[PDB]
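See below for the structure under consideration.
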Amino acid sequence: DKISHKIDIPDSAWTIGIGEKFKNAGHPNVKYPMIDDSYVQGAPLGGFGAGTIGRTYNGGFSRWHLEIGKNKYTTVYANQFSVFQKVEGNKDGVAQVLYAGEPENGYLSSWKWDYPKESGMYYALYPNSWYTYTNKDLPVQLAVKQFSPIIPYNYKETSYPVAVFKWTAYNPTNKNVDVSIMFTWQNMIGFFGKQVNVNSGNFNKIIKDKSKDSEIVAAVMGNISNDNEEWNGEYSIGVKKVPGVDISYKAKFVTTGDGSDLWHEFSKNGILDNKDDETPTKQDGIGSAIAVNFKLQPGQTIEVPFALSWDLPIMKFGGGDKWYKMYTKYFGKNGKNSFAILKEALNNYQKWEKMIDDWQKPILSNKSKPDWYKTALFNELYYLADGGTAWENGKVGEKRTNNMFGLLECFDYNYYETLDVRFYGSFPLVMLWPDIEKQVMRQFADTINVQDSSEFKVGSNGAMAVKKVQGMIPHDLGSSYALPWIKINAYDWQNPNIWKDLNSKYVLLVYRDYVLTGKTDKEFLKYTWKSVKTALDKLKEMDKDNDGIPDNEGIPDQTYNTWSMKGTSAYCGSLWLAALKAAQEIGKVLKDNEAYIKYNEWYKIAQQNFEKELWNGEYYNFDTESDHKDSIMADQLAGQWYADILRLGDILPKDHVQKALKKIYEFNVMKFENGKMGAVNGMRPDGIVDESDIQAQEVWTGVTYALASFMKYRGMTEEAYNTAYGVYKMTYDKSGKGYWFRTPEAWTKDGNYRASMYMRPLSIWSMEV
Ligand SMILES: OC[C@H]1O[C@@H](O[C@@H]2[C@@H](O)[C@H](O)O[C@H](CO)[C@H]2O)[C@H](O)[C@@H](O)[C@@H]1O
Ligand SMILES: [Ca+2]
């Protein structure tokens with residue numbers, strides 16, 4: 001490996017061998033069908049709300065999130081980079097697809113597949129990823145840096161449906177070598193959203209944009225139809241000329257054939273036919289190819305950028321609504337703008353690299369923090385783009401000031417912005433994209449007093465329940481299968497209108513969002529204040545026994561939705577205390593004296609009784625009325641965790657909080673698989689995992705990272721990082737279960753998982769508060 005020195009990969013990048021087989025991979029531990037796309041994954045490409053594309057460590061474009069809210073794992077084999085090399089003096093060169101695999105049928109059989117093992121590495125530090133190619137049959141060593149411009153405090157480039165591939169080629173040998181790099185792409189119009197005639201009308205055109213010191217050559221792969229529909233738009237691939245390279249192209253090769261129309265050209269001398277051909281296809285799949293060829297002398301390095309864009313302006317949800325995607329603000333809505341997007345990237349990618357470096361540098365340069373922590377901190381952010389992210393710029397046929405946003409809970413449980421989850425998972429948004437975060441919370445504010453008295457069948461018990469109760473915060477803002485933003489509470493497995501954590505978590509999120517954006521946004525507090533008061537006032541009505549605290553009902557009625565709480569719980573109780581303290585402080589800021597007094601009175605009563613009911617001398621009991629009420633819950637003081645972040649002070653005595661956190665580390669972490677797998681949710685006081693429900697026996701990745709942040713704030717530095725380390729290890733390490741770029745909600749002691757690609761572990765960003 002002589003190429004690594006010619007590029008700049010951070011030491012904290014996650015690494016794996018190209019073509020590496022992973023032997024320890026976990027699988028779902030549930031009885032019901034659940035997504036398992038295996039461990040062949042990579043960091044995604046694409047902006048927020050753009051649709052994303054997962055290019056895996058083996059090189060394939062395989063995890064398709066272009067249909068917003070859907071996960072489709074299938075390798076489109078025509079989409080590749082390939083290389084040709086010929087040593088000066090030799091009669092023949094070699095050509096190789098840079099993909100560690102081969103197609104499953106006979107399409108593209110002429111191409112040279114099966115990039116060999118032990119011949120290159122993949123690296124990722126989101127939003128960047130890299131491949132290096134160090135192959136005994138390729139004398140010139142190559143590397144590529146690929147990324148999209150995901151940039152904190154930037155709502156423009158961060159939305160773009162674009163990727164850059166910055167190639168570096170170096171000749172360490174003593175002979176001249178001719179080298180070509182070729183990007184192939186299938187015209188994927190009709191891959192989704194089209195009910196018949198999936199390739200019909202697809203056609204490819206070549207754009208040559210020549211100006212002074214700028215030559216771009218690109219293929220635009222579109223359809224003859226000018227219809228404005230979810231399926232229609234354009235893909236583009238292209239390259240920018242640099243000194244010492246020549247560009248060649250082929251407009252049209254058949255992807256549903258053996259590929260020799262292209263490969264007989266590329267494999268001879270790495271130079272394509274430059275054949276334009278705008279003939280639309282009928283049934284055949286078609287694709288385009290863009291190549292560069294250059295001669296490298298001994299010791300010479302060359303850099304050359306390629307790009308990919310996709311202009312698919314319309315997202316459609318299963319309930320029928322069609323929306324424009326956010327990036328259309330910057331490029332237009334007609335779906336004929338892929339070249340403009342590509343050109344912007346090829347002319348500005350160096351600026352974008354610097355902008356990414358500028359935001360990663362404060363963390364990467366901090367030599368007090370271990371590299372593993374940096375690996376997880378940046379790579380968990382993959383989910384912000386890869387979580388079915390929807391970001392609208394108008395309803396089709398509709399202008400408003402704001403752009404509504406939603407991130408999925410996950411794909412298995414297809415609900416936008418699930419609030420009990422976003423309490424943990426929204427840290428990156430408030431910290432890095434706060435205008436999105438505040439927009440989401442206004443979306444929730446607007447739902448508080450919505451009443452939908454139409455009844456739905458509850459999945460878990462078959463009862464009928466009201467869809468949405470006035471004054472109760474919704475579980476979610478809809479499903480991609482139905483109507484995001486319009487029809488809330490798509491979750492129907494249980495009735496969220498009786499949950500005891502949603503209304504408190506809502507208030508805590510509101511005040512968090514004020515505090516972590518500098519305590520200056522009084523307008524945001526004003527917008528949300530009525531909803532805050534309503535939410536707490538409704539929750540107060542659920543106090544059955546007048547101890548000042550809402551009663552859990554002995555059926556799951558909170559985020560641990562199979563782990564029943566009854567009476568006063570540490571979890572819902574502490575969240576309630578913190579929410580009351582938050583509302584007092586908002587009352588003070590907004591000069592609402594009567595609200596301040598009321599919530600102060602409720603707080604003092606509830607605080608006294610919480611302590612009396614639950615403090616046992618070592619930790620806070622799980623609850624007051626359950627069969628294993630004395631279980632040690634990892635998340636028992638979630639309200640105090642948030643109170644620390646919100647600078648609300650002590651809701652419980654410092655001594656008791658410290659004792660409780662030490663007990664959780666000693667038991668839920670260190671007595672669970674030697675503290676190498678995170679914090680198990682429930683442990684009995686005898687040091688045996690609580691078996692009352694599956695959730696008690698799970699580690700929740702997002703709960704564990706949040707607990708680590710709580711420990712860190714409380715000065716338990718070693719315990720914090722040791723607790724988080726087990727989550728990192730399981731997700732990323734060779735000794736773990738292969739969950740990189742699909743971090744799950746949960747695992748059990750055997751390492752098997754529930755709900756890959758989950759929002760909650762974005763809570764790792766609470767460790768950066
Ligand atoms: O892991 C806890 C989270 O569980 C989620 O519930 C899932 C449902 O959404 C899905 O429809 O069904 C499965 C199987 O019954 C549930 O696990 C909730 O959406 C989250 O609120 C909850 O925290
Ligand atoms: Ca009560």
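No hydrogens, no waters, no symmetry mates; every other heavy atom, side chains included, goes into these values. Both counts, for ligands and for their atoms, begin at 1 and track the order of listing. All residue numbers in this chain count up from 1 along the given sequence.
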Metal proximity, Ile549 vs the Ca ion (ligand 2), N/O/S cut-off 3.0 Å: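 So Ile549 counts as coordinating the Ca ion (ligand 2), yes.
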Residue among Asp36, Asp750, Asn752 satisfying side chain to side chain donor-acceptor pair (under 3.5 Å) with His27: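 Exactly one candidate clears the test, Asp36.
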From OH (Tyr642) to OH (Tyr511), nearest 0.5 Å: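 So the OH of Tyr642 and the OH of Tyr511 are separated by 13.5 Å.
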Counting only heavy atoms closer than 4.0 Å, does ligand 1 sit against the backbone of [X], its side chain, both, or neither?
X      : answer
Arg760 : side chain
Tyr560 : neither
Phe423 : neither
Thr559 : both

Within-shell test, [X] vs ligand 1, heavy atom, strictly < 4.0 Å:
X      : result
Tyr32  : yes
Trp563 : no
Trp499 : yes

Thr418, any N or O under 3.5 Å of ligand 1 N or O: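 There is no such contact.
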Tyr491-ligand 1 polar pair, N/O distance under 3.5 Å: no
So is [X] actually on top of [Y]'s ring, under 6.0 Å and inside 45° of the axis?
X      : Y      : result
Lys540 : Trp602 : yes
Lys438 : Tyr514 : no
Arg742 : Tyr39  : no

Pick from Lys31, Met34, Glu409, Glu745: the one approaching atom 19 (O) of ligand 1 most closely through a non-hydrogen atom: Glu409
Option whose closest heavy atom lies nearest to atom 7 (C) of ligand 1, chosen from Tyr413, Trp700, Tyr758: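 Comparing heavy atoms across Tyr413, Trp700, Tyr758, the nearest one to atom 7 (C) of ligand 1 lies in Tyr413.
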Pair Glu594 + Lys533, salt bridge at N-O below 4.0 Å: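 Salt bridge: no.
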N/O/S atom name from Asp547 that is nearest to the position of the Ca ion (ligand 2): OD1
Ligand 1 atoms in contact with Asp420 (distance to a heavy atom under 4.0 Å):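 Contacts of ligand 1 toward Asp420, numbered from 1: 20 (C), 21 (O), 22 (C), 23 (O).
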Vertex the Ca ion (ligand 2), rays to OD1 in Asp545 and OD1 in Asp551 - rounded to 10°: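 Between OD1 of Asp545 and OD1 of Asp551, at the Ca ion (ligand 2), the angle is about 90°.
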Check: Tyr382 ring centre within less than 6.0 Å of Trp740 ring centre: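 No.
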Whether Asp412 side chain and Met757 backbone form a donor-acceptor pair below 3.5 Å: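 No; zero donor-acceptor contacts below 3.5 Å.
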Reference residue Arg760; test salt bridge (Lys or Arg N to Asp or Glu O under 4.0 Å); the match among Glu698, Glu745, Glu380: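 Single pass found, and it is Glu745.
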